[PDB]
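What follows is a short report on a single structure.
Sequence lines set the chain letters: A, B, ... in the order given, protein chains first and strands last, and positions in each chain run from 1. Order of listing sets the numbers, starting from 1, for every ligand and every atom in it.
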Amino acid sequence: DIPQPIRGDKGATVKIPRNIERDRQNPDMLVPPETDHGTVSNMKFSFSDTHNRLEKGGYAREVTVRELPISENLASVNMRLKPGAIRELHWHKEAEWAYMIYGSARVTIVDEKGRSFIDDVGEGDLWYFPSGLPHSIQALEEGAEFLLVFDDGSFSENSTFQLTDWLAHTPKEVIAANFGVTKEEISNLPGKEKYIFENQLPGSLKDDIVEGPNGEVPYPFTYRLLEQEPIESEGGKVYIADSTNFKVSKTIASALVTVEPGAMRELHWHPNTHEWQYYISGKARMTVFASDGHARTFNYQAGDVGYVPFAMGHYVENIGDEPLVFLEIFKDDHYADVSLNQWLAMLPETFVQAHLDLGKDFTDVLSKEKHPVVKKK
Amino acid sequence: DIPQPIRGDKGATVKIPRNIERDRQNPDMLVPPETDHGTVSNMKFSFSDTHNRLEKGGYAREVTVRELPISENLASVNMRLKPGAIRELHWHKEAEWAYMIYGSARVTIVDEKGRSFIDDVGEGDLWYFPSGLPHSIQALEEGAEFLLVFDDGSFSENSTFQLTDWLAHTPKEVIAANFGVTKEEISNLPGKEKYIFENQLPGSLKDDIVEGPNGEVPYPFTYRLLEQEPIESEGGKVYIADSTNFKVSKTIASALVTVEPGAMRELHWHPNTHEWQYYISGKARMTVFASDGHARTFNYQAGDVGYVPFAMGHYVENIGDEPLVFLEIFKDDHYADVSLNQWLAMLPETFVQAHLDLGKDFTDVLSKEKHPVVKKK
Amino acid sequence: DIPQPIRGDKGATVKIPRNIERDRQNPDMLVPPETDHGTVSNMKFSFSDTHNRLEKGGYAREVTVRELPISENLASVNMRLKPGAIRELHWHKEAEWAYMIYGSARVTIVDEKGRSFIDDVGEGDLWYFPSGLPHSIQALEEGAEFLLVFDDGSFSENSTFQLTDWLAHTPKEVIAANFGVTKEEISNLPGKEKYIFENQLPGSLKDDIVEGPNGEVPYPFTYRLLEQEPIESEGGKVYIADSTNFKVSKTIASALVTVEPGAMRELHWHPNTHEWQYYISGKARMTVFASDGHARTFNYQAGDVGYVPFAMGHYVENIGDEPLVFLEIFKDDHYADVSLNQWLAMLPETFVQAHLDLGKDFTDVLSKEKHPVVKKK
Amino acid sequence: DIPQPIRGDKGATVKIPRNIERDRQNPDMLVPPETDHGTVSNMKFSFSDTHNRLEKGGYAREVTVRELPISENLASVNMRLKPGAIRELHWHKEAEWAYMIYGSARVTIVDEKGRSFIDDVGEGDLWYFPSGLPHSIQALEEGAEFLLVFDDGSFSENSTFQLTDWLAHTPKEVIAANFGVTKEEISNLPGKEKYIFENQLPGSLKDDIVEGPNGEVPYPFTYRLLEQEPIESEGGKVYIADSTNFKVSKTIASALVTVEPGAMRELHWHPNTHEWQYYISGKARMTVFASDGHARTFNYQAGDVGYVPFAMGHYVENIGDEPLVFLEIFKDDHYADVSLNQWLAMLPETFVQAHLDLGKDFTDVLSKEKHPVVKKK
Amino acid sequence: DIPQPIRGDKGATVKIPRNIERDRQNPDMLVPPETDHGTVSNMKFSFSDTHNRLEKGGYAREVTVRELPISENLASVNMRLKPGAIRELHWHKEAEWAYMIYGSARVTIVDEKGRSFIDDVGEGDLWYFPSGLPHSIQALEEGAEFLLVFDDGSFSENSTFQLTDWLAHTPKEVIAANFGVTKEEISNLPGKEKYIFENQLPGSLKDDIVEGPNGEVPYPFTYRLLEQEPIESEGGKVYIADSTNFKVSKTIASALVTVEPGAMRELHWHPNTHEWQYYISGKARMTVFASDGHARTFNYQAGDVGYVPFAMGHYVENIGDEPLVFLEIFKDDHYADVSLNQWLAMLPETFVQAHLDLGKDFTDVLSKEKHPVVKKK
Ligand SMILES: [Mn+2]
Ligand SMILES: [Mn+2]
Ligand SMILES: [Mn+2]
Ligand SMILES: [Mn+2]
Ligand SMILES: [Mn+2]
Ligand SMILES: [Mn+2]
Ligand SMILES: [Mn+2]
Ligand SMILES: [Mn+2]
Ligand SMILES: [Mn+2]
Ligand SMILES: [Mn+2]
């Protein structure tokens, strides 16, 4: 049918030409809760509303501060690689965090002591590359599609420092002096970047491992998130990776949240920093409570980026018939949340009652244990 | 069918959960022209991706710098009023420009000399309220739906100065002293804003006209845009209103552009300032050329806001089977464009040939007359 | 007695050490109107809360953006000169406006065509020196005390460009070359600024007038404000000087307002720009209405600076037994106000009634004529 | 008597209407030391010059960057609670530090692991609530009045996140799903914030202590400052609390300083960060030395906020007949000072003599031991 | 001869008046490598292009953000002292790092616990004074000339806080109270700063050492850089001092690099922060690779400051017949580099080959060991 912005005796039919498909995706924006109030920044953007850079070997598209200006500290790229295809050896100022949604890939990184780490990453695995350390990605036989997160909102994937670009803009006589070779021996260097390029599938990981005189890296740059024991609650699961468990991940803390149909990520906030969200699958709504009587509700589905500024109250409700799966990302060395339920459970019952104008029948339901994902009764 | 981000031997299928409806709306973003290059800011946002404020009597939703950060100087509200419903007497810092898409409404404004202007506005008519001058809107028997544009991108419709809000936050003894009445005579003043409220249809315009000792306003605050003679070219029509014809409209210049199926707003730029766009109906693509080899293509349809930063090259192509109708808005005292075709037509033919590596067969087609909208052969 | 922050059943006694004298000056801040709400910037500062620069010949103290940060565009100096004393020949980037509160002074200015203007200024007279044009002040037999206003809030009177300071920091050989004299002939130049210095009373104005080959200045740099016919209303008087009457005063518009005991500057706003206020004498309160249900009330008395950001609603009530006299200053080429009373008087009565939930008994009192200062009945 | 801005042969009488009460409070501003020079930002503001928010149960007023713009990193609230009255359960982005000037109060806080801390705070005690952790205050039988300090100068007490405000702006169906209750069971939730509200006195602290499955908090959130041994010197006492002793107080370091009549906080600076000051009781002057020959003297008394930008030289002299009691606050993990006396005492005597053009009779008085508060002989 | 901006068939002779001496110093700017491209900020400035402050006892000149705006975080002073001359006891907000190029000097510093450190510094030695800690420099019998680096680009040596300046701007009665002396005993204090002043040579270091009750400083404030074992490679030497070895040097990391004729600082970048450079002796060129196909080459010689923004690729080639000696400075707690050669050596050879379109003959030359300075074959 044709939705209309009408809630009881408020609102009216749309009389001008309109985008009905978007309206159907955003039922809680066309018709917000009556409890929403006030001006709140946009907290929602779709990767489908971005330009996709297509190359021989894959694609990349990005949601940055230029698309979602509330997110000044975090930006993201959705990158796809065909089997064997290579994301060119490169580096950047920003630290990089990744979640492998589809397929698998081999990564390399060499640190500032000349120690190398090469590893394969499958579905549900992470990587983290510290700022400035050079790296590569090469998809294996399934190809690969993954979400990258960078710890500056001004990032662009089009502005990384790439190996062949560096060399193409260095005098040939300097390259030749650098390596002790002749100009003639390097005459076939590419004249411009490769960025993403097709290539034959690599061999087994064990045959690629490079030995060196500087030893093994002290901490691995990949993490098997979905192999960890999640926090399990009645309506779903939460898998957390931050610097306390994924040791190298100093500037990005993360959680993968799964919310069953009929369940919700409970009312909570984060006492440390802003939340950046990516919706892997399913359909959600979230109200962001911004203080001073301000609140705004947003809809999300697969391919959407979301955001919750530092300490704002929120929940994430599954509003569809399939599991809702999303990431909570933070530019910090740890994950932290405060649960509304747990907070109140840990206070004297008559003090809570004095605040809420409710009785023992309400305070009796509170739980001293935190259940990040709750199920409707 | 299911579109894929593939262009010849570049790109790949999407392997993760995705937004197919948005992808179908954005064919030139999922699969951009091969001539696009480089990082360009987002220049596209949909009103359907905003929270709609619903009231008894209508609604309002807004696209501001918080949604579309490239647009720092201009923001917009899509407002709807039911028959008789009133947008409360109010004022703001920003100048306001309006286009009546549907229905009709009566406006009031009183200037700083106490001169009043009251008028009815129908489909295709404009208004402009200078900064700080107080005004109202009341829909007539059809209701009304219109686009407002404000000359600061940080504007919000939730932060206007409203008559009843002012009074509700003034001491009653001061209001009483101000008007020479008792506190008891003003005890029924509202305790909070009305903003939008239902009301009986007004009488005929002629019975509302208020006489006063300060004379008539020197210039009218409404303009009948579609009653003017348009610039007519082969593929469509352009109706311009700026301060040279709509005399009061000092900070906003505007054009309504209609592009027939198979036609396009020609390659041009604006030598004065940024363009802000609203797509009333139809489907378009535009490439924005940002210098230094940068260009990015965007798709638009009804309900979308677009933008072209100052002097960037562009065209707007109708990519659908119905007329494409959009507005070009500028924060300036005049409308100006430079046509690529006309520019080259006015130069020596061999000089143009020396630039383009093309011959007389090309320079022979150039036209010294500007045709803002051209039709495909 | 000892005031307490108590309003009915709200508030409590002060239990900590406190400033009772300030509390008595600020009755509407210790106990605000119940109609105040929300966070509003400070709009009030006293010259008595500033450092006074004392010199042989007078003093100067200043209220700038460093004291009152809401006032980014306007700053002010209270300057005093003893009989004959000279404020050293100087210039600055900012335009300067002045009001002579006490005494009289002779000013000089020479423009960029070498035309000079020399004039005496008495109580109630103004001057205005355009940006960058050099000038001096010399008090006559009564001395002089005056208020200066500069059109940048970052100004300091300690950073003007002074004649002797310039010369003290120019090589002597360059000064000598500049004027065609020897170094020995300029050996007695001061080694540092004078700034303010004692001097013998000048002769009659007519004997100082300097003739030159470049003609008379086209417009005078002084204005006799109190010799003009004021707008007279029931509770007081308003004398306006802006660029329409005081022709040179391009960046500062001004009004001197006198409010009798029992009267008030009516409910109004300014549709052009921010108001900066100086309270010459008496005692006032003002509520500033900042939109979105925000309002805050401030107290003022002699020596206080006030402020009203662009378009905010306000009134100024005399709360004492003597006349209240203050200045309204604007960084603009004209003075403009919108009267609440006049605005509503110029609208259809049933439309006003529909907004205010009041009847004909209220709309019957409205006046189509603007009375800037009204008297309580 | 009537003070005048005259120092020897400099300055003059005030000839315009003036604020004599403020002038009497500011003797060193109306008549500064001759050693003051140059433009220095205002470093002084009174809580009496702020709007007091009155509620059933108490009040709150604030000095922020909007009042004192030099203080960009720290803001403060003076809050008062009647017996039993509650400052509503809330949280904010900023860390909060407190000093209990009058009375006593019970605080709660629950951390991000669901561990609760509940404690009573009396006169001279502190609390510190880390950023984002939720908390409450409830005055006991004497009521309470206290100073709060927040580690962002842009803070407002009107913009905290409050429990009932959050719930009033969350859909009822979501609250009901969150807790596993019906909408009918939560129908009596408040429709707006409480902020401060009257309530019956609580029971004994021991009966409120809440046990839980997550253990005790590792570090307490209150500190008994006046129970510590102070640094005692000849003219007074200094009690320091920073993160080395009050372990949780990571972003605020503090000292309570008492200066006897005839004594002074010695010439010193802080090598770490800016000082923010609150004057609890008595009367002071301070000269701030800002380098490059700049210095400005300010007066302070009970209710005043002061400031000393990072590393600027200063002293605080008691200029009254009662003890001077003030706080020195720093946004840092430690308190540090450099004493002028100690610095010079620790250098070779002839090196100091070469700088000061003074002899052994001066360097003989220097002390290698730091005495923060010295007494006049 | 007369160089011309001609490279093969590109460029042309200079036809206007020109600076031939500068052109000869900048051969790679008048005629850049053909591999340079795009707009890059200036990364080069000479101390000879600054005003030199001359005093009795020496001089000082500075390169700050006002000269080299890319360097926002670091500024530098070239200071010279004659034998015995003293840089006056002073402090500042910034941390200070120093390299002694010529001669020797005695430094003092007293920390916030009153512990003093006094030491002599010779050629190739460093000092580091933490933020806010007071210090002095006194040249010994050879005089001294040294480079200072401050960890804010906005620093000026003319704005330090100086002992005598502080006292000259403090009331005499306060100084007298501070020390327990009479005003008469301090009447000979200087009336203004000394800054730099002549003085007799000090005695032996051992006779200056001051004992005190607060113990020895835990870490020394000087470091003998050239007494350390350098990293030695084929074309030169690198001596690194950062917080891991020069323990107090928390905010500045440093390397002294010596590059023999025919050698070069290899292709590398820094993964941590920006590089600031000072060229002690010799002649260099460097290409800075700025990503996105941007690169610009600069020339440097003795007296020049250089810069490399965070993570940009670069090399430093000796282009003269004498050793090239320069400093690499970083605002960080450690030095880190990534070598292009080592990076590629630590990857699988066929992966490198796939990137570079080169064969085993190239990957066979790569070295797993980092050689910061390489020599041409
Ligand atoms: Mn990367
Ligand atoms: Mn969350
Ligand atoms: Mn409006
Ligand atoms: Mn256009
Ligand atoms: Mn002046
Ligand atoms: Mn006004
Ligand atoms: Mn709090
Ligand atoms: Mn201090
Ligand atoms: Mn120094
Ligand atoms: Mn380097």
- Message: Measuring only between side-chain heavy atoms, which start at C-beta, is C:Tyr99 closer than 4.5 Å to C:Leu327?
- Response: yes

- Can E:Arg106 be said to sit on top of D:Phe351's aromatic six-ring, NZ or CZ under 6.0 Å from centre and within 45° of the ring axis? no

- Task: Determine, using ring centers only, whether D:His355 and E:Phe197 are less than 6.0 Å apart.
- Result: yes

- Report yes or no: do E:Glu145 and E:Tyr59 form a side-chain donor-acceptor pair below 3.5 Å? yes

- Can you establish whether the number of heavy atoms outside C:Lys283 located under 6.0 Å from its atom NZ is more than 12? no

- Query: Between the side chains of C:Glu328 and C:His270, is a donor N or O closer than 3.5 angstrom to an acceptor N or O?
  - Reply: no

- The protein N, O or S atoms lying under 2.8 Å from the Mn ion (ligand 6) are C:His268 NE2, C:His270 NE2, C:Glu275 OE1, C:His314 NE2

- Item | Criterion side chain to side chain contact (heavy atoms under 4.5 Å, CB included) against E:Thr160, the qualifying member of E:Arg87, E:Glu193, E:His135 | E:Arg87

- Item | Sphere of radius 2.8 Å around the Mn ion (ligand 9) - protein N, O or S atoms inside | E:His90 NE2, E:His92 NE2, E:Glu96 OE1, E:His135 NE2

- Assess the pair B:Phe161 and B:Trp91: is the distance between their ring centroids shorter than 6.0 Å? yes

- Message: Hydrogens and angles aside, do C:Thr258 and C:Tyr239 bring a side-chain donor and acceptor to less than 3.5 Å of each other?
- Response: no

